[PDB]
Amino acid sequence: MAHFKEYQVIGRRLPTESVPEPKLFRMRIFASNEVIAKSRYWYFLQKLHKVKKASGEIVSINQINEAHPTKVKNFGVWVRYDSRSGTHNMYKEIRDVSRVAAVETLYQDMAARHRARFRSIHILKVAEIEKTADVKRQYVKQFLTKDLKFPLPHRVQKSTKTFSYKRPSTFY
Amino acid sequence: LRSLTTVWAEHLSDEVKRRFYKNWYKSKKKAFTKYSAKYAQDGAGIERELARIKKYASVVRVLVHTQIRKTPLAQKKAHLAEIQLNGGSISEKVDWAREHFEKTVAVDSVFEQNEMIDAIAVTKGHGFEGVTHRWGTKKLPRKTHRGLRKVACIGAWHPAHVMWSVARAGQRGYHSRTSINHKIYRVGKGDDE
Amino acid sequence: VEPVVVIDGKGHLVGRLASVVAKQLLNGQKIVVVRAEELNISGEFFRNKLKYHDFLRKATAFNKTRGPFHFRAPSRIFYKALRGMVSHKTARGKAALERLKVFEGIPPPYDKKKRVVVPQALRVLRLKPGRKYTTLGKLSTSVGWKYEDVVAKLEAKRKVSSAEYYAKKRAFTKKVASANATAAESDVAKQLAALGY
Amino acid sequence: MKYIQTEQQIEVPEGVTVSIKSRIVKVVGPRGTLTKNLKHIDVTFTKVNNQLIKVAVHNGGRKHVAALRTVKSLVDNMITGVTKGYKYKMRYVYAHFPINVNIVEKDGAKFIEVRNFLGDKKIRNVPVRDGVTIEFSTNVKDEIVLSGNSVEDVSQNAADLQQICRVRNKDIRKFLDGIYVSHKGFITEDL
Amino acid sequence: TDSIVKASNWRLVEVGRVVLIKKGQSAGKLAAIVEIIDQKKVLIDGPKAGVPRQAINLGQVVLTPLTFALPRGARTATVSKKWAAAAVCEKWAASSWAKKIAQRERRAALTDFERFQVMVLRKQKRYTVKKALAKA
RNA sequence: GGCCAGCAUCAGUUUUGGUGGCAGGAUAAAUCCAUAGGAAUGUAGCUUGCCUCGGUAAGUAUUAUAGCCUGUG
RNA sequence: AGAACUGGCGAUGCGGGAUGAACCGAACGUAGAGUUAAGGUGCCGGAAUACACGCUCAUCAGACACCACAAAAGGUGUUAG
RNA sequence: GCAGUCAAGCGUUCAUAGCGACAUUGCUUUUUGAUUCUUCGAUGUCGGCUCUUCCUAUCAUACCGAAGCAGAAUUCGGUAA
RNA sequence: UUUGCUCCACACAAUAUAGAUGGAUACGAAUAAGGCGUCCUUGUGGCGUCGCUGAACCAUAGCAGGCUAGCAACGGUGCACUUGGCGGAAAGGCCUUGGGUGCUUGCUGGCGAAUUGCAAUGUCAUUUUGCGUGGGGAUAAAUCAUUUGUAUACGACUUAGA
Ligand SMILES: O[C@H]1[C@H]2c3cc4c(cc3CN3CCC(=C[C@@H]1O)[C@H]23)OCO4
Ligand SMILES: [Mg+2]
Ligand SMILES: [Mg+2]
Ligand SMILES: [Mg+2]
Ligand SMILES: [Mg+2]
Ligand SMILES: [Mg+2]
Ligand SMILES: [Mg+2]
Ligand SMILES: [Mg+2]
Ligand SMILES: [Mg+2]
Ligand SMILES: [Mg+2]
Ligand SMILES: [Mg+2]
Ligand SMILES: [Mg+2]
Ligand SMILES: [Mg+2]
Ligand SMILES: [Mg+2]
Ligand SMILES: [Mg+2]
Ligand SMILES: [Mg+2]
Ligand SMILES: [Mg+2]
Ligand SMILES: [Mg+2]
Ligand SMILES: [Mg+2]
Ligand SMILES: [Mg+2]
Ligand SMILES: [Mg+2]
Ligand SMILES: [Mg+2]
Ligand SMILES: [Mg+2]
Ligand SMILES: [Mg+2]
Ligand SMILES: [Mg+2]
Ligand SMILES: [Mg+2]
Ligand SMILES: [Mg+2]
Ligand SMILES: [Mg+2]
Ligand SMILES: [Mg+2]
Ligand SMILES: [Mg+2]
Ligand SMILES: [Mg+2]
Ligand SMILES: [Mg+2]
Ligand SMILES: [Mg+2]
Ligand SMILES: [Mg+2]
Ligand SMILES: [Mg+2]
Ligand SMILES: [Mg+2]
Ligand SMILES: [Mg+2]
Ligand SMILES: [Mg+2]
Ligand SMILES: [Mg+2]
Ligand SMILES: [Mg+2]
Ligand SMILES: [Mg+2]
Ligand SMILES: [Mg+2]
Ligand SMILES: [Mg+2]
Ligand SMILES: [Mg+2]
Ligand SMILES: [Mg+2]
Ligand SMILES: [Mg+2]
Ligand SMILES: [Mg+2]
Ligand SMILES: [Mg+2]
């Protein structure tokens, strides 16, 4: 749906005479802008409580920034999704440098592997897998082995003119 | 395959010389009369051609012609033609060729008894020919309006086009044919009662 | 850039080599292409062989002459790929095509001239390593082309002579570099360095 | 998922030097020398020490990796092939017509010439591949033996002899007639 | 009769491999690989050169043959400490790469007149080399 | 002053660059600095076992002869 | 084949969907400059052989609404759960 | 009209050699219907004769796999027009 | 048939142009590997070095490039000659020898340039042909009609005729 920011959204059931000061609920929401974020909020909220936007009020919206944006991190990701023929819970693991990058590629992955578009996906939980060896998916574990090194074989340099006078070479 | 030179013998029988023309009697008979001159100077020009052939040349064919005067035909104008030369080695081949210039080659030197040979020729002609004999289509019944040596259905309605694959009146005969496996039962000799 | 651009077909992908050759013409650039027998097509040999027979069955029912023509030669397989990318039924189209020449091997003129390449169609830069692909010459020879062996013979001959040329040249250029070096450290030489040379 | 690297070892024994440039492999030991083209496959060889060579695949999928081992093996069987060497054993099998098997030569040939198969007046022929040598076993009834340095060449020559003796138009369960491969192994013994 | 087995000797992605960035506000700038994220992303950092600590695609970077000692996941100040200490800049600078980069940047800052002087010089050199190329 | 142009200063419309000053927010989040605590894909040292005179491995071992993480300021 | 509400075609060209009454965009005096729609940008053909992460190898691969079809059932092909 | 999936049965024994109920998913357009879009200022509105070409859901012939294939004979299936 | 043909040379005249405007600047082969230098045991060899683009290399100053002088070099280069040789895939081009000759911006000099008026492609290419001039060279055929029948509806084909 684009390039996400994470937002704390807070809403609460429009006050009333017999109930001034209703209860206040928060959601963290990955959206590309605050407008979509407030929409999503109401979307899941009417999925949990008896409210809808009509009778309720957004109280506060705040972007949350990554705590350590240049720290590499192992993300455990939890998702609910709809397939063509049914709906499905699912756990993936993503390694990147911020919860916001991570959710970008999840949506990418869900779309690429399961043909899940944004409408049809639900983030259950994104959280930092602290101790390695509670990392479970191999395609991640692979990148924790000590003194990791790999070549990047068969190099393709992009030509900037149409013709070339050489014959290239993919050494690297 | 492309031809890259033709070397010619110094003298040339009127028989072949005649082939190079459509009106012999009026003509100044000038054919090959400059080429012949190429022998004069020691040999120079002819050799380098021969020489060239040897260097390149994947195949070699000899220019031969018939002695039609030794033949009861009227037609005087002899026949000339290329014959490939299979005996070994390009260089040996042209030496053979060069050697036989103006000299004369015999059948027994080419064919033996019981040998299977092929015959290449232009078929007898019959001119414009109806479908029934040209293709051996069925005669149509005797009752049929406007002719019966025909084909009833020259095609379905679609392709709305007569097609290349159906019998149609036209020329018959005077076709080229390459006929194989004719066996030599005799190689006769002229000088031989 | 240059009056004529000679392209070593070898190791290029037909429809990418085509797609650039076409544009080049339409923009006024004369082109010759060589070694079209050493041209490539993605997909294993069998796939493109099957593809080619598809092409083979198309023909004018009433008369197989009016119908689609099938050229078997590698240059000519190429030209088909190319012509289809050119509005070849317009003056402007007929014009552009005439700036084009395709050839199996490298026949005279073009063998003493330099040939270039087209990286955005070079196979080794384009195909994912691992994918099966096809050589024009072998494909053509499978559908009728009569002249693979001869081209190969003539080429090996050509490749020899050119190896002499090169060697001869690499010799001379060694001397040049030697000379070019005993002039290093001189004033003129240091001055040029200063100015980027 | 693409594995960032998986690899294998190829041991080298005391008699042989294997030498590999681009992916053209040459193995040379006591029994001679074979060579085999691996260009079609995209692995990286590395010598670690005269008795050890590694083969690895960087950032590869299943089907890729899954060819790394068959590379390790193909190159092993060259090294075993050039030390011990290979020997395939085949026995004739027939239930009435004796299968007459000879070796004949036209123009340097060497051909396995099978006659009287299930009676057949027809005379069968299988060419002897180069590298491979045929010895009709003494002391064993109807045993042919193909031996050589290439597993691939004997195994194939073997399979060519066996297949030339397929049976048609009969229940090939009752008609078991043939020349079958009955033992695969080595030339040099105690092993 | 040893065995002789090629090589194929790739520059590797590894903590402390220095790369020359190619797209973006940095670009032309060197930098060190600090941690490694996946097959296609690494965390880079290049304080000496100005380039911010960031996550980057490998696709936009080109591995150099240079490497120094860096602890995986070392922070910017630490990186600056090792870098200087391992003297990578002089090392890079000395290379043909960097020297060739420098060359063409000069070629492209030449004045028209400077350009003119370049030719007068090449003429000068040509005269004496062409000679020597004719006396042995 | 007939024809067609070039440049300059402006007017209407528009397009494409450079650059200056400010406002928000966790009065951005980081880096950095300070400080407390920690752990391993465990840095020094140490022990032990082979091993061409140290190099390896498998133990201890939380800053030492690398560093990192986490909170607070 | 027959009704309901609206919007259309009929009566209407223009851009897009190769093509096409009705779909998409947009409704028309004669023109300049700009900007867009729907739809596109390898070449045909104006416009990135752009960027980015995955997936897919088909000895009948696939390739954009209306639209020019495919189903049950299976695969130790491969992907992620 | 033709071809499937499930597999209860059939096949002495034995679901699937060869078959296959109750169900059920399809394909075809030489059947017949349903429609009424084109032709009513006219598209010669049975069949046969002739003659071409094309499809394949293959009767024969080439080479194969399978069988409740001993041989002979047959049946099932593949590549095949 | 009114002195015609051809090749080289120049000259006038036309006619064009799918588009000159410093240079199409030659190994091959591999790409999970190469190029170049060097050594040696000449090999799937040792060692060194390069790539990360042709953004290069070469050429490039002078009335669109005039007229002149000199020096240092003995190099470069244009042109017509001559020596030996190689190239047949479409070779029709490449290399080499030797004198002659022009130029040289390798360096240092004398003279010139304006008024094309503040820009106007400001005209420098190469296509094909036509007409005289004189320097080499060469002196046919086909067709109709006639005729044959190995051919033929007519044309066409195949023969024949000083
Ligand atoms: O022409 C008409 C039909 C027709 C009318 C006739 C007639 C024969 C036909 C032939 N039918 C084929 C298809 C056709 C379409 C038309 O309806 C024709 O004989 C007397 O009138
Ligand atoms: Mg946070
Ligand atoms: Mg000639
Ligand atoms: Mg008659
Ligand atoms: Mg008949
Ligand atoms: Mg007859
Ligand atoms: Mg009648
Ligand atoms: Mg008939
Ligand atoms: Mg059978
Ligand atoms: Mg039987
Ligand atoms: Mg004007
Ligand atoms: Mg203005
Ligand atoms: Mg600003
Ligand atoms: Mg360290
Ligand atoms: Mg509507
Ligand atoms: Mg009406
Ligand atoms: Mg309208
Ligand atoms: Mg339109
Ligand atoms: Mg459409
Ligand atoms: Mg087109
Ligand atoms: Mg375009
Ligand atoms: Mg762009
Ligand atoms: Mg849809
Ligand atoms: Mg399914
Ligand atoms: Mg599956
Ligand atoms: Mg049941
Ligand atoms: Mg049973
Ligand atoms: Mg039963
Ligand atoms: Mg029917
Ligand atoms: Mg009617
Ligand atoms: Mg009518
Ligand atoms: Mg009709
Ligand atoms: Mg009628
Ligand atoms: Mg078909
Ligand atoms: Mg079938
Ligand atoms: Mg049974
Ligand atoms: Mg079968
Ligand atoms: Mg048929
Ligand atoms: Mg067919
Ligand atoms: Mg023109
Ligand atoms: Mg090297
Ligand atoms: Mg060398
Ligand atoms: Mg070496
Ligand atoms: Mg260069
Ligand atoms: Mg001058
Ligand atoms: Mg040519
Ligand atoms: Mg001067
Ligand atoms: Mg004259």
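Please read every residue number as a count from 1 along the shown chain.
If you check the header, you will see the structure was determined by X-ray crystallography, 3.0 Å.
Cβ from N, Cα, C; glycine included.
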*Which residue among B:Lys38, B:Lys103, B:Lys124, B:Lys183 does Swiss-Prot mark as ubiquitin cross-link?*
B:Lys38
*C-beta crowding around B:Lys38 (ubiquitin cross-link), within 10 angstroms*: 16
_Helix, strand or coil for B:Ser58 (phosphoserine)? Use DSSP._
coil
*asked:* Using a 10 Å cut-off on Cβ-Cβ distances across all protein chains shown, tell me which of the modified residues (B:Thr5, B:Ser58) has the largest neighbour count.
replied: B:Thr5
*Which of the modified residues B:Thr5, B:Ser58, B:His145 has its Cα closest in space to the Cα of B:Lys38 (ubiquitin cross-link)?*
B:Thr5
*Cα distance (Å, whole number) from B:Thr5 (phosphothreonine) to B:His145 (pros-methylhistidine)*: 62
*For B:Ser58 (phosphoserine) and B:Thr5 (phosphothreonine), what Cα-Cα distance in Å is obtained after rounding to a whole number?*
13
*Can you check what DSSP calls B:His145 (pros-methylhistidine), collapsed to helix, strand or coil?*
coil
*asked:* Suppose we draw a 10 Å sphere around the Cβ of B:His145 (pros-methylhistidine). How many other Cβ atoms does it contain, all chains included?
replied: 5
